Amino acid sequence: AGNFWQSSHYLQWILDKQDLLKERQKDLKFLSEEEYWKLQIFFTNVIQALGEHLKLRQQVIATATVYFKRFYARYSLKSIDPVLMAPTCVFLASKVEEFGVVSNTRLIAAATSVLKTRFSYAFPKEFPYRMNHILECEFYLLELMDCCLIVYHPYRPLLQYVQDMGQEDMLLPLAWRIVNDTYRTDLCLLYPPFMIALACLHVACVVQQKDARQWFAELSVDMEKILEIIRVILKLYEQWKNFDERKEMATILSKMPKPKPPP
């Protein structure tokens, strides 16, 4: 609902970084850390594209993205095919976020056309799943997140901050776009959304050479934590420069652990 400190997001889904890395070990027999991060970026982009095709608002997309990340923060890449999980997450997120239930034909046509059209460099073959798969996957996704469905994102507190600063017009479009970029990282699993929003607004000020040290210094907040986030954001832009997703992803997907078939 509307107190973050009492939310299932805060109490169950803000994770320890070391435990997260520890849990990721299962999958790092197959993939380097670099490559695992690239896969995560890749599927964040797949989810973004699915939502764009379905004309869903940024909030639904973001919620879907958090579901996808929470799922693979606990379970292996081979547990459920992420190709099925991505649209499943979008489907469930549309309901939770009050858009409603995307129709059988529309969801499957979206998955089919988005992969063929925007990701053929990674997926030579057509989307092979149907609605009966989405439905079964959705049941597993719900139980496997312990029925946690309400997610807080950094957009709301960011809007509150820029308004408070009296700088909406100036700083909002860039800070907002940077929040979008944080979904390429694990930030949403690690920090309260209001801290992500402060870090993003900080990078926006720096990029736009706007001075706000005073406004920042009189917030009652752990600035050490904000700085850690700022570093992740700077690091994601260096990785973005060095990463060519279209050239690298087919090779990285074939390395990805696949589900073991029945015996």
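Sequential numbering from 1, following the sequence displayed. Each form is matched to the other, and the largest set of C-alpha atoms that superpose within 1.5 Å is called the rigid core.
Superposition on the core shows that, in 8 other deposited structures of this protein, the C-alpha atoms drift more in one of 96 to 104 and 143 to 151; this is 96 to 104.
In this entry, 128 to 136 shows the higher mean Cα temperature factor of the pair 146 to 154 and 128 to 136. Stretches 157 to 165 and 173 to 181 differ in mean C-alpha B factor, with the higher average recorded for 157 to 165. Comparing C-alpha B-factors across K241, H9, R246, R24 in the deposited entry, the largest value falls on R24. Ranked within its chain, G100 lands in the highest third, by CA B factor from the PDB record. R70 sits in the lowest third of its chain by CA B factor, as recorded in the PDB entry. Per the PDB record, residue ranking by Cα B-factor puts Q59 in the middle third of the chain.
The entry lists a Cα temperature factor for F43 that places it in the lowest third of the chain's modelled residues. Compared with the other modelled residues of the chain, the Cα B-factor recorded for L28 ranks in the highest third.
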